[PDB]
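Student: just dropping in an experimental structure and the matching sequence.
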Amino acid sequence: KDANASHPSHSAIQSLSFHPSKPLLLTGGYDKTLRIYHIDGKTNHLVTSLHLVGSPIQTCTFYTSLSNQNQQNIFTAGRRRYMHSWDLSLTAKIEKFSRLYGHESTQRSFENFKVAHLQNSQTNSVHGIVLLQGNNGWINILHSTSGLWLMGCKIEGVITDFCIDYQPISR
Amino acid sequence: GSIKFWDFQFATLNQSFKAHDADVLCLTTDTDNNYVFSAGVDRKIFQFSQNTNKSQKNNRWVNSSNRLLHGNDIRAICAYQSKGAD
Amino acid sequence: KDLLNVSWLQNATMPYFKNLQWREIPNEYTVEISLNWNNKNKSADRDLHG
Amino acid sequence: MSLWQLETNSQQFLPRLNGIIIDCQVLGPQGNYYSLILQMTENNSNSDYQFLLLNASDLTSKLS
Amino acid sequence: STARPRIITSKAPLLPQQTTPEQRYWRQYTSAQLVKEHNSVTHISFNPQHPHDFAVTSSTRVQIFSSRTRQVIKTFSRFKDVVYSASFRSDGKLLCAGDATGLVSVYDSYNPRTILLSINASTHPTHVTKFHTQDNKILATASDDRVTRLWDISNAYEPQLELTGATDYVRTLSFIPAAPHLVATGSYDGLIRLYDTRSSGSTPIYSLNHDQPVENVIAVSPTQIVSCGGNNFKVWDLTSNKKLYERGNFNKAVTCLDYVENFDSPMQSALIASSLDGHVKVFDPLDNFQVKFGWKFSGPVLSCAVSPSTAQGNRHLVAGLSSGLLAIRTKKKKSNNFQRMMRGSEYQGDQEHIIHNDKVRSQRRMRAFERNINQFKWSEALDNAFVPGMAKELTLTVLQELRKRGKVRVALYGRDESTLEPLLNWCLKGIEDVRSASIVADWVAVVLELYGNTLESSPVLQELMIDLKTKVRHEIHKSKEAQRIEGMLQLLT
RNA sequence: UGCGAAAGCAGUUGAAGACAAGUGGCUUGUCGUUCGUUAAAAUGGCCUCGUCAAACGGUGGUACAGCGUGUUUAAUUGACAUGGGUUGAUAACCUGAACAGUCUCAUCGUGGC
């Protein structure tokens, strides 16, 4: 059965992500709402649905940390200078990231982000990073809980896309 | 006003500092490249340092200091460093 | 005896329950539940004016 | 309250905090809260401190 | 953390004769049109139903003007003598005009060529003709025969009722706006008679003694009616037969009245009055018929009207003068593929469980002095004060913000001759006003405290200081003589 | 500092010790030192979260100014893909899934654009 057949979408579905563990599918598009569907075979029902006014969304991602695997954030963003982060609690507590900590000129839209894991490499402490693709060649990497700008990576040309690879080292 | 440091192989930026308020006309370095001094039309001389062992093993310049000594501009800067002259 | 526990699903698959004294309710009884339909997301760390 | 990015020496500010900051510190395991003590020194007749933590994400006063 | 408080514009204690909401609303009736008529404009009525046209009765023609172009759309010229009254029916479908030969002729409106019926009333001139306001098929015509007549417009041969009883020159009718059996007529002997039409009709049920010869009687409530005649107008409760207000705020005789209800206004009701000396005034029936605004015109104003209660467009006040001209013052009022790609941008969360809203409201744009005070550019804020296009309260509020906030001296430190002349050249103008002169005093005192040597060097601000000295001399003569007047009426307590 | 009224009316400003500089002393100046008295400066300034346009309601002085229209005594709607790239010493141009249900376009014909 078509997953959003239970509750129709009012726009083109711009991004789409499953949960890492739960049977949940998050859809979202330019009608500035994001919907979670409990999927199964027969009856894909709608878990919950949050309409962010004035903020059409273009990328929406389930993040789930590696330390305790108990956070379950949803990071979502469109052609805006902010990016929302909903903390899943089953009212809804969402926060807004809107500060590039000195780097606002090189990041004028939070559209193309990706969420990934990062290790401290002096402790064995991981934390999530969001990675924003900016204007010149810039990728602005920032913390997924505090929003602090961690580092930036500039390529030479027109940055078009990027991806995240991981490689294990030891135990 | 920005001062950028670029890895030569891979031809790509390592770190950018937003140091001056207007153009950076002239910049220079010492012998062992523990410091980079820089100056321009906003008439301050900035010093970017990499002298710490952690700075040298991490290749991380820091924006160490900044002095206001000139009256109008700085169009030329140079450095000499010897046993009895630095 | 005198106690009736009904079940439904509040979100998509999570069961919610309700106890009822079924002997003293009327015949055509319509249980009312509070369920999110258009409610403005009132954050606890912010007043209503944003 | 300023927070200095020590890589590029870049400040991020939070400017009108109804008291002077006499103590500030990061708090969480990932550093998601800042706790502050604000001394509120418009009255000179008493030392009246406001305790204000705030989440580091959007810099909003969670639990003043 | 908060948002930054806006710079509050310095408001002083209010002076007398402030701008009331009533006079702000009635003062935005502007862009006057003066149309020269062939003779004195005696009557003017408005279309009720699409309340957007008005008929002006000049001599021997009646012109319907439109309320969007203010030109004559249509005109009625086939009268033999002076046409006197011209009013629209309550459905706005046809137009009656009483004529100086006692021939009421009713055409249909918006068609001057089809005269629908010509009631031959009295041989005397018929001076007022109006349809019923409740009923549609009865027309009340009073004439210089001292008798009004109610005509059924089906049987237009004999009048269906003949309201006599008045001793001299009945010039006005009116109908009472809830009881449709009740006709109040007004004559040049005073004595508003009023008649129940189910009775005989040759005797009024009572009579209201306006002492002056009345010129008009209108009905405001279903209960109270207003009669103008002579220098005043009086209002009469009709359930109790009794006068309860009288306003005599004119010099000459009040010629006409009309009344507005429920229209878009601070005033919930408005009676305006036109009075043969140039003045038309508006009185508010809710606070005891007090006058709120007025217009003065270039001659004796003979008749006036406003747009009716449901005008929904360009709103008009018209006044026709005895000079033979007409004055109107109005207040006015990408691809289908791309849209299918960008479909959802107008949804606003209807079927959605939670609806989050944290888009902050966009506030008013900051002026340059306010953003410079924000950016702590205090000398630049003083410079932004003394540009030419700045309001006087805005220059005052940035002076007061720099005075309270930081330092006059900081704002004045790096100056010289060419950059102080704006400040002192404004201080010449600001020393006259009461609200500015304290701030002007301490700013001039500080600038002569810390620029006493530039006083010696530059001669072209010495003369500015001398002009400032004579200004403070004039102002101190004024502030002394005000204290003398204060004492000389303290003596009279 | 005390009494006061918002004016004013009475009182001042010592000692010890340590350290620094200058020329063991002498001079000068300090004190995260004590006892007694009611007693200007290190170039170093305040965050993002959406602008623009047009109204409307009160408030001051109707073009001027200001506050508000999320609920209020009252009173608001609308545009824009809130990006990227090239010049530009703000704009123009290019660009992202940007023609096409009232189907759009091409080409060959037929009849009268």
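Tutor: Sure thing, it's come through. Residues are numbered from 1 along each chain as shown, chains lettered A, B, ... in the order given.

Student: surely residue D:62 meets residue D:55?
Tutor: Yes: the pair residue D:62 and residue D:55 qualifies as a contact (Cβ atoms under 8 Å) at a distance of 4.7 Å. Every C-beta, even on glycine, is put in place using the N, C-alpha and C of the backbone.

Student: and the two? Which one has more around it.
Tutor: Comparing residue D:62 with residue D:55 by other Cβ atoms under 10 Å in any protein chain shown, the one with more neighbours is residue D:55, at 20 against 17.

Student: next one: that one from chain E, what distance?
Tutor: 13 Å (Cβ to the nearest Cβ, to the nearest Å).

Student: again with residue A:23
Tutor: From residue A:23 across to chain E, the span is 19 Å (Cβ to the nearest Cβ).

Student: what about that residue, how many residues close to it?
Tutor: Should you count by other Cβ under 10 Å, residue A:23 turns out to have 14 residues around it.

Student: with residue E:53 instead?
Tutor: Here the neighbour count serves as a burial measure; for residue E:53 (other Cβ under 10 Å) it reads 20.

Student: residues in contact with residue D:15?
Tutor: Shown here is residue D:15, whose contacts under the criterion Cβ atoms under 8 Å, 6 or more residues apart in numbering or on different chains are E:1, E:4.

Student: what does residue E:259 give?
Tutor: Applying Cβ under 8 Å, 6+ apart as the definition, the contact partners of residue E:259 turn out to be E:218, E:220, E:226, E:269, E:270, E:271, E:272, E:285.

Student: can you tell me the SS state at it?
Tutor: Secondary structure state of residue E:259, per DSSP: H, G, I helix; E, B strand; the rest coil, is strand.

Student: quick one: name the residues of chain B near RNA strand F.
Tutor: Residues of chain B that fall close to RNA strand F, judged by Cβ under 7 Å from any atom of the strand: B:44, B:66, B:67, B:68.

Student: farthest-apart pair in those, please.
Tutor: For those, the maximum inter-member distance is 7.6 Å, found between B:66 and B:68 (Cβ to Cβ).

Student: now the residue in the stretch 101-250 of chain E that chain C sits nearest to: how far from chain B?
Tutor: When distances are taken as Cβ to the nearest Cβ, the stretch 101-250 of chain E reaches nearest to chain C at residue E:221, 43.5 Å away. To chain B, residue E:221 is 74 Å away according to Cβ to the nearest Cβ.

Student: that residue reaches residue E:177, doesn't it?
Tutor: Yes: between residue E:221 and residue E:177 there is a contact under Cβ under 8 Å: 7.4 Å.

Student: sorry, back to before: shared neighbours, residue D:62 and residue D:55?
Tutor: Where contact means Cβ under 8 Å, 6+ apart, the residues bridging residue D:62 and residue D:55 through contact with each are residue D:33.

Student: before we move on, the earlier item: looking at residue B:66 and residue B:68, which one has more neighbours?
Tutor: Remark: of residue B:66 and residue B:68, residue B:66 carries more neighbours, 13 against 9, as counted by other Cβ under 10 Å.

Student: which residue is the nearest non-sequential neighbour of the more buried one?
Tutor: Leaving aside its chain neighbours, residue B:66 sits nearest to residue B:46 (5.2 Å; criterion: Cβ to Cβ, 6 or more residues apart in numbering or on different chains).

Student: specify the local secondary structure of that neighbour.
Tutor: Secondary structure for residue B:46, judged by three-state DSSP, is strand.

Student: okay, now the sheet partners of the one helix or strand residue E:233 maps to, with direction.
Tutor: According to DSSP states H and E, residue E:233 maps onto strand E:232-237. In the sheet, strand E:232-237 lines up against strand E:224-229 (antiparallel), strand E:242-247 (antiparallel) (DSSP bridges).

Student: pick the most deeply packed of the ones you listed.
Tutor: Comparing these on average neighbours per residue, with mean count of other Cβ atoms under 10 Å in any protein chain shown, the densest one is strand E:224-229 at a mean of 25.

Student: just the strands from chain D, written as ranges.
Tutor: Assigned by DSSP state E, chain D shows strands spanning D:3-5, D:10-12, D:21-26, D:33-38, D:50-55.

Student: in its sheet, what does the first one sit against?
Tutor: Read it as strand D:3-5. With DSSP bridges as the test, strand D:3-5 pairs up with strand D:10-12 (antiparallel).

Student: could you give me the buried positions within the partner strand?
Tutor: Applying a neighbour-count criterion of 16 or more other Cβ atoms under 10 Å in any protein chain shown, the buried positions in strand D:10-12 are D:10, D:12.

Student: got the contact list for that strand?
Tutor: Where contact means Cβ under 8 Å, 6+ apart, the residues beyond strand D:10-12 that reach it are A:99, A:101, A:102, A:103, B:18, D:2, D:3, D:4, D:5.
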